[PDB]
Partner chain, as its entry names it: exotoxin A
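In structure tokens, the next block holds one chain alone, the form deposited without the partner chain.
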């Protein structure tokens, strides 16, 4: 549109009182693009001077505009000259709530909210506006698609007005409701020229002020008052030739409002005449309004003409530009009431002040809004705003991350800025510097600032409103080699991955699978990628990690269990019953140890865990692995060669409990009581290969008679997030048998710390699903917490648990049926 040299741009960048950092806030289909596009063609700036080339993803655009000596006097705000530099920063239309959006606005001071003439203000509209308000962004309105109502609906004039009327009122509800008391009445007033009406597709729009001036010069009145009248309850009676503050002429008759008589009328008459082909009235009407056509335009018809005559009548572009310049704040103005909020430090601090003043001579205070993709071979550029001091190419800056703390040296990076550039839509342009108050990009920060961050030149500097990260590994899957022979390389490469990525984690699952875990899904992504193509460079099959379970019993076996050796000579009679959870834990945590003296040990189980004191000294072993939470207590009476079979009964128990009868999982909280034992006179028939199997079977039998169940692992998740999104937590948690434990708020500033239990086998995907429910606001952090017995029957293929088992057996190539106890029991 207009081309400027790089110097010209720096000159404009010097008068920051004539700059406007804004964006366009709008609903999903309200003309946000046809409208900004309209502006761009009118005022868009372009690079002056104009296999190999460079490009960046559009993130901002620059518009230039000159005003009239008079229009610059209505600017109730420190100005400097007839010129202006508008910054049209792009914002995410459809992206989740608070992350992509919040960050973008933060570098804007004003907004241009687009509302629809028919649908009025919808949810999203009200949502982003509330968002913008939160950061104290002043709103200015534009009701769009006024053409739909004029054609399709055929609406009246007072009908339409009333619409505009409402739409304005709702917006003013949201305004007052979320506006900082200290900022004053930011409510939009059509009569004050802060609300524009028009059609972005047709190309026309208008503010009341534009009409209040048209009529102001001709008939000789000051517009101050002509504006107040041209909207609301002010009527002008042709007859009385005077105005009134009541909608009824003395005689009791209804009059026509000004807005309708002086604004809408002219318009309506033009539609109706050109849209009905009244080739005789068009000429006289156009003449009357002072709309001159040129050349072949004189012979247009219908829609073709409505657009020409309408765009000449009220160029959408000038209405928008008006409001922008005359009502939206400049940095100098906004950075004064927006300084505290954007600074996380002392509101009296040296820097926090250089923001308010928007002083380019203070200590650098540049905020990075986001990292933008570019054709420069995988390099990203930093897009942000210079809030204080000034940036320079090759400058030495202190890059502070989201965790950085003034004292502590974490997230801090004392590197230098390669180049400072202009982000002109899809193109960039190098410059020498950029003072406080502007929008610029930075090349060479890539690797030190992932996303949001603050750049400073002061060592006693604080960070600007920062965004929190997820830094614990949580996203994990099971990695395995496709050709068994590559195993050595998979292993080889897992130590390679770890040695390079300090934010990755690798380990062996209880169920023997190698495991890769990472920060986010994107992180795991890059990780598994490199692993298979460089670290290990071997084909791998990635999958959800297999969960381990615990086979346990619910009560004392309904009946005694019997089992005879394959000698038909020796028999064993036992029963199984549950061990208490507080106890099982004690065994697990080593408070009750099989290696500790019977002295200390006997004491603890009697004097601290209710165990009958005699019991303590008749346990033969804990298991599996000699020290697990399962006991074999000897309750026999007159077995001659008892002490003779002990060593065997033990090795049998250490086997049974390592791989239970349900599906081979480890048993937990299982206490086996041997009620009696009968042996053969000779030791030649009570050997190992005779007793071991007897006990193995015997135990299984008692076990299944004891109302079997299974225990599932359970995580203990911790979450941090803003008060509003604490809803998503409970939202998703419910869809996964979750359970909120505690909800504590960190004193100081909003950020809740939700804590809950999460069934390990309901956690695949959780991290992602969380991002959604909270629009990228919360970040999880898991850890194993405990075992929990499932209520359902493990031998009923259809029950919850029973499905868990079933699939398991199929995965192992075992029978789908779980051999009931009868299979192990040997009746007398």
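What we label the rigid core is the largest C-alpha set whose atoms superpose within 1.5 Å from one form to the other. Numbering follows the first chain given and starts at 1.
Annotation: residue 49 belongs to the positions left without coordinates in at least a third of the other compared entries, with flanking residues modelled. Averaged over their C-alpha atoms, the temperature factors of 587 to 595 and 563 to 571 are higher for 563 to 571. On average the C-alpha atoms of 99 to 107 have higher B-factors than those of the other stretch, with 99 to 107 and 320 to 328 being the two compared. Residue set 545, 687, 537, 435: peak C-alpha B-factor at 687 (per PDB entry). When the C-alpha B-factors of 785, 762, 69, 37 are read from the PDB record, the largest value belongs to 69. Annotation for residue 499: CA B-factor lies in the middle third of the chain's modelled residues. When the modelled residues of the chain are ordered by C-alpha B-factor, residue 122 sits in the highest third.
Sort the modelled residues of the chain by CA B factor and residue 297 lands in the highest third. Placement of the Cα temperature factor of residue 513 within the chain: lowest third of the modelled residues, per the deposited record. Annotation for residue 44: C-alpha temperature factor in the middle third relative to the rest of the modelled chain, per the entry.
The protein also exists as the form deposited with the partner chain bound; that form is not presented, and the subsequent description refers to it.
Although the partner is absent here, residue 807 lies well away from the partner chain in the deposited complex, with no heavy atom inside 4.5 Å.
Although the partner is absent here, residue 700 lies within 4.5 Å of the partner chain in the deposited complex, judged by heavy atoms.
With a 4.5 Å cutoff on heavy atoms, residue 655 counts as touching the partner chain in the deposited complex.
When contacts are judged by a 4.5 Å heavy atom cut-off, residue 512 counts as touching the partner chain in the deposited complex. The stretch that touches the partner chain in the deposited complex, counting heavy atoms within 4.5 Å, is 684 to 692, out of 309 to 317, 375 to 383, 413 to 421, 684 to 692. With the partner removed from view, the residue among 539, 488, 254, 566 that has a non-hydrogen atom within 4.5 Å of the partner chain in the deposited complex turns out to be 566. The residue that stands out in 75, 186, 293, 165 is 293, the single one whose Cα moves by 2 angstroms or more between this form and the one not shown on a rigid core fit. Annotation for residue 730: C-alpha shift of 2 angstroms or more between this form and the one not shown, rigid core superposed.
Core-aligned CA deviation for residue 341 between this form and the one not shown: less than 2 Å. With a cut-off of 2 Å and the rigid core superposed, residue 764 has a Cα displacement that reaches or exceeds the cut-off between this form and the one not shown. Relative to the shown form, the CA atoms of residue 179 and residue 720 are brought 3 Å or more closer together in the deposited complex.
In comparison with the shown form, the Cα-Cα distance of residue 753 and residue 99 decreases by at least 3 angstroms in the deposited complex.
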